[PDB]
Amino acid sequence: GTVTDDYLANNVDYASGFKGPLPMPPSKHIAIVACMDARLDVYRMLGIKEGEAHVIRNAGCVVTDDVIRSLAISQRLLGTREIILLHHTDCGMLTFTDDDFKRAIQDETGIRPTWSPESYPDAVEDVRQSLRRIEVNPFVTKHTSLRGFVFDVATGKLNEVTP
């Protein structure tokens, strides 16, 4: 028995009380960019219901090109117009540097990844940096609201960052 097996069993119960289908476009025309961190239940954190919001998550809530791609699709094809960025306290990206992470992988595998690990030293600062990445990008321009926050993993509160 794996965790996957357990989660599939959970899904049978989820399915038993499921109502659907809902429409594809987010009913609230909003996209959340968040971290993959195990301590972030994005839906409960923001009181989101099914069908309302796109949720995009990766290591460190980094505005990579994959995030730009997902946001471009979200706005242009599926009509979203708000963006929430969520970093958080005690994030894994503050605990290593890119050069160290790459060197370690190179030692084990013989090669260095071409991608940047995208670590950063300070979360508040990187929210500003991430907001700027979105502002400067010519493909994510349909939003009427772009706001960035740091989630406190000890209190559950969101604290806004000024760009």
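All residue numbers are counted from 1 along the displayed sequence.
Visitor: Looking only at CA atoms, which has the higher mean B factor in the entry: 24 to 32 or 63 to 71?
Guide: The deposited B-factors put 24 to 32 ahead on the C-alpha mean.
Visitor: Per the record, averaged over C-alpha atoms, which has the higher B-factor: 139 to 147 or 10 to 18?
Guide: In the deposited entry, the stretch with the higher C-alpha B-factor mean is 10 to 18.
Visitor: Please work out which residue in 38, 42, 111, 131 has the highest C-alpha B-factor recorded for this crystal structure.
Guide: Among 38, 42, 111, 131, the PDB entry lists the largest C-alpha B-factor for 111.
Visitor: According to the deposited entry, which of 104, 56, 46, 53 has the largest Cα B-factor?
Guide: If I rank 104, 56, 46, 53 by C-alpha B-factor, first place goes to 104.
Visitor: For residue 98, does the deposited CA B-factor place it in the lowest, middle or highest third of the chain?
Guide: Middle third.
Visitor: Pull the Cα B-factor of residue 77 out of the PDB entry and bin it into the chain's lowest, middle or highest third.
Guide: Highest third of the chain for residue 77's C-alpha B-factor.
Visitor: So where's residue 85 on the chain's Cα temperature factor ranking, which third?
Guide: Tercile = middle for this residue's CA B-factor.
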